[PDB]
């Protein structure tokens, strides 16, 4: 009982992959994880098939609202997709080996690209709510201290022992998302910066917000990084963005408080603009 490794065996991921393949004719190339209140990104998929997480062997469940807890296969702008409508978080009590389960089943499914979205608190002063931020890079604070989904024995059928994360955010797609933005009719620029992961479930104090700023983080949240780390370890291309849902309180004067109701509501507002952005992006994702 000493060793802290994955509770999931390789054949565990396999069983789930298989089950999915025997239960849908869809064969996705792109997997999309929808953050808090962003569950609306599945609206535009055609010929859609829905599975409740409860149906899928080994799948965790979403306990936080509104993470719908459903897996959805569809086409989006020429491309076969699978979408996580709701994700999992460390703060819910899950070990990162659970949080990230689906990612390696996508790989066994044959997905070669993963897009990750999340709600995120604004740390950079010139962001505004409703801004989409292209995740250039992240800072894995839980990672530094030992909280990493890769911890334990490493299966080379999936990846290396020491996989480099410094090219994690696909540079090609950044450049393409950038100029693709001049193609939407938008007032605000597409935002770019570093996402810092923090465990939660409680929200930053003012001093904490200030370390995070000092650290160089542009946005804070409690997800996403584990998933990126396991994706890149199996060689998926990774592309991420955060929806800026609130500016995290950076002075003792404010009487504003960060809260879930407000973040879910910044999500419903933007999901429209979001889905379109994701839509045009699909035709930018490189073919297998």
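Take the two forms, superpose them, and find the largest set of C-alpha atoms that agree within 1.5 Å; that set is the rigid core. Numbering follows the first chain given and starts at 1.
Farther from the shown form on average, by C-alpha root mean square after a core fit in 4 other deposited structures of this protein, is 257-265, of the stretches 257-265 and 243-251. Note on 67-75 and 158-166: with rigid core alignment, C-alpha atoms in 4 other deposited structures of this protein sit farther from this form for 67-75.
Of the two stretches examined, 97-105 and 120-128, the record assigns the greater average C-alpha temperature factor to 120-128. Look at the C-alpha B-factors of 176-184 and of 155-163. On average they run higher in 176-184. Note on 202, 191, 140, 205: the highest value goes to 191, judged by CA B factor as recorded. In this PDB entry, residue 170 carries a Cα temperature factor that places it within the highest third of its chain's modelled residues. Annotation for residue 45: CA B-factor lies in the highest third of the chain's modelled residues. In the PDB entry, residue 78 places in the highest third of its chain by CA B-factor.
In the deposited entry, the Cα temperature factor of residue 36 sits in the middle third of values across the chain's modelled residues. Ranked within its chain, residue 54 lands in the middle third, by CA B factor from the PDB record.
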